[PDB]
Amino acid sequence: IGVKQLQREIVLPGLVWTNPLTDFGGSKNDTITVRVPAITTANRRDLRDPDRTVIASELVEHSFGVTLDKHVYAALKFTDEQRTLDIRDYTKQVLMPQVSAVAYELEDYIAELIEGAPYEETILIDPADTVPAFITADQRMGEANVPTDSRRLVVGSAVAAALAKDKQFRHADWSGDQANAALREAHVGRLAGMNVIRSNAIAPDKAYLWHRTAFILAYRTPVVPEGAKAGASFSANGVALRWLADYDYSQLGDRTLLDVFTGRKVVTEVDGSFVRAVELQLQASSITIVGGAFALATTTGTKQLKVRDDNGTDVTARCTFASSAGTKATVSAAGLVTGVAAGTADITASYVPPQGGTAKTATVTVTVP
Amino acid sequence: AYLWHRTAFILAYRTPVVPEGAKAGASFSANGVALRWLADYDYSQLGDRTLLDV
Amino acid sequence: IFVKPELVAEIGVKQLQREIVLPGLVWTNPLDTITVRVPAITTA
C-alpha cells in the first residue's frame with residue numbers, strides 16, 4: 001500500500017534572501033526604498049599651474065525600491081461535508097497537498113524571478129569542457145568587482161549530467177581525486193569555488209550563478225482574520241502560511257484558503273546593469289525525435305511527438321514541426337501529429353541552437369495505419 | 001433649552017443576540033447601553049465586516 | 001543631492017468631537033414591546 005505520486009523538492013527558497021527587512025506596510029504604497037551609499041570622484045592638476053581654480057565633486061545617493069506585488073493563494077472546497085467525509089484522516093489529507101502546492105508555487109515564483117531577470121549576455125557552456133565555462137562565469141563575476149564570498153550556483157539536471165559526462169572529473173586522474181566521486185557516485189564536488197546545488201524547478205539546461213546580493217524576496221504571513229471561525233499558522237519550509245476556512249455559507253461553501261504575501265525585487269546598479277549574476281546554457285549540437293520510427297495509434301488517431309537533444313534535455317516546447325505530406329499526415333504546433341489519411345509520411349522537427357546559427361533539423365518517417 | 005422630569009422621555013434598548021456565524025469578541029457597553037461586536041469574514045469577497053449594533 | 005526618508009508624526013493633534021453628556025439623563029429600559037401600566041385615580 002502506498003503509490004504516492006512523484007513530487008518535487010524544495011531547494012530554491014533556501015538559497016535566496018528570505019525577508020531581508022520586516023516592515024513593508026508602514027510605508028507608502030506598501031514599498032520600502034533602500035538607499036545605496038554613493039562614491040566620490042577625484043581630479044588631477046599640474047603643479048605650478050597658473051590657474052588655482054578647483055573643480056568640486058558630486059555625491060548623489062541612488063536608491064531603489066522593494067514592493068509587494070503578488071499574493072499566492074490556494075482555494076479548495078470540501079466535498080459537501082466538514083468533519084468525516086472529506087478529511088477523514090486529519091493533518092494527513094487536504095492539508096498536506098495544499099501545503100505542498102503552495103510551497104511549489106513559491107518555488108516557481110522564485111524560479112520565475114531568477115529566470116526573468118535580465119542577464120544581458122548568456123554564457124554558453126559546452127558539454128566537451130564545462131570547466132572553461134565555469135571559469136568564464138568566474139571571470140564575469142570578477143569583472144563587476146563582485147565579492148568572492150557568498151557566491152552560490154544552482155544547476156539543473158542537465159548541467160549536473162554534463163558535469164558527470166565531462167572527462168575532467170570522470171577519469172579521477174584529471175580531477176586529482178583518487179576516490180572518483182564522479183564515477184563511484186553521482187554527486188559532483190564543488191568546482192571553480194562555488195558548490196554544486198541540484199534544482200529541478202529551473203530549466204534543466206539552465207544554470208544560474210549569483211552573489212548573495214543579487215535578489216530580494218519578501219514574504220509576509222497574513223494575520224489570522226477575526227471573522228473566521230477557523231484559523232491556522234502552519235509553516236512551510238521556512239515561510240509561514242495563513243489558513244482560513246470560515247464556512248462561506250451561500251451554496252453550502254466549505255472553501256479553504258492557504259495564502260501568504262510574496263514580493264519580488266531584482267538588485268540593479270545606479271545606472272542599471274544586472275552584472276551581479278550569470279547564466280549558463282548548454283551548447284546543444286544535435287537533436288533527435290524519441291522513439292525512432294513509429295506507426296501512430298490508428299488511421300484516425302493522435303500522437304504527441306517528443307524531441308530530445310544530444311545532451312538529453314526536453315525541447316518539445318521550443319521546437320517547430322513541419323510536414324512535407326500535410327495532406328497525408330497533419331501535425332500541430334506542439335508536435336501532436338494527427339492521422340488523417342493512411343499511408344507513409346515524414347515530419348521534420350527544427351530546433352534553434354542556443355549558440356546561434358542554422359537550426360538543427362531531424363526528419364522522422366510515420367506510417368499511419 | 002429643555003427642562004424635563006426623569007419619569008418622562010423614556011428610551012428602550014435591547015442588546016440583541018449574535019447570529020450563528022458571529023465570531024464575536026469582547027463587549028464595550030458605551031454610555032451604559034450594552035453593544036455587541038460582530039466580525040464576519042466574507043470569503044467570496046476580499047473584505048471583512050465588523051458591526052457594532054443595538 | 002542626498003535622498004532622505006519621510007516623517008509622519010502625531011503630537012497632541014486631536015480632531016474636535018462632541019461630548020457624551022445627554023446619555024445617562026433619561027429613563028432607559030432594557031428589552032418585542034414593553035407596556036407600562038398607568039395606575040387609576042378615583043373620585044369622591
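With the structure loaded, tell me whether residue A:97 is exposed (fewer than 15 other Cβ atoms within 10 Å of the Cβ) and either within 33 Å of the chain's Cα centre (by Cα) or under 30 Å from residue A:249 (Cβ atoms) (or both) or whether it fails that test. So residue A:97 passes the test. Note on the range A:40-73: among residues that are more than 13 Å from every other protein chain (Cβ to nearest Cβ) and in contact with a strand residue (DSSP E or B) (Cβ under 8 Å, 6 or more places away or on another chain), the one that is farthest from residue B:43 (Cα to Cα) is A:66.
Filtering the range A:316-337 to residues that are part of a loop (DSSP other than H, G, I, E, B) and closer than 20 Å to residue A:354 by Cα leaves A:316, A:317, A:318, A:334.
Just to verify a result, which residue in the range A:290-315, among those that are in a loop (DSSP other than H, G, I, E, B) and of a type in the set (A, V, I, L, M), is surrounded by the fewest Cβ atoms within 10 Å (Cβ to Cβ)? By that ranking, first place goes to A:293. Of all residue pairs spaced 6 or more apart or on separate chains, those with beta-carbon atoms under 8 Å, a first member in the range B:3-26 that is on the phi > 0 side of the Ramachandran plot and a second member that is in a strand (DSSP E or B) and surrounded by fewer than 12 Cβ atoms within 10 Å (Cβ to Cβ) are B:15/C:30. Out of the residues in the range A:276-289 that are not in a strand (DSSP E or B) and not charged (D, E, K, R), state the one that is farthest from residue A:127 (Cα to Cα). Step by step, filter the range A:276-289, then rank; the result is A:286. Filtering A:312, A:339 for residues that are in contact with a helix residue (DSSP H, G or I) (Cβ under 7 Å, 6 or more places away or on another chain) and of a type outside the set (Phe, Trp, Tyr) leaves a single hit, A:312.
Looking across the range B:5-39 at every residue that is of a type in the set (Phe, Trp, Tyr) and closer than 29 Å to residue A:229 by Cα, the one that is farthest from the other protein chains (Cβ to nearest Cβ) is identified as B:28.
Restricting A:72, A:34 to residues that are surrounded by 10 or more Cβ atoms within 10 Å (Cβ to Cβ) and out of contact with any helix residue (DSSP H, G or I) (no Cβ under 7 Å at 6 or more places or on another chain) narrows the list to A:34. Scanning the range A:233-255 for residues that are surrounded by fewer than 19 Cβ atoms within 10 Å (Cβ to Cβ), within 14 Å of chain B (Cβ to nearest Cβ) and not in a loop (DSSP other than H, G, I, E, B) returns A:249, A:253, A:255.
Of all residues in the range A:37-70, those being within 17 Å of residue C:6 (Cα to Cα) and assigned to a loop (DSSP other than H, G, I, E, B) number 2.
Since every read-out is calculated from the coordinates, none of them should be taken as a lab result. Cβ coordinates were reconstructed from backbone atoms using ideal geometry, including for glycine residues, and neighbour counts include every protein chain displayed.
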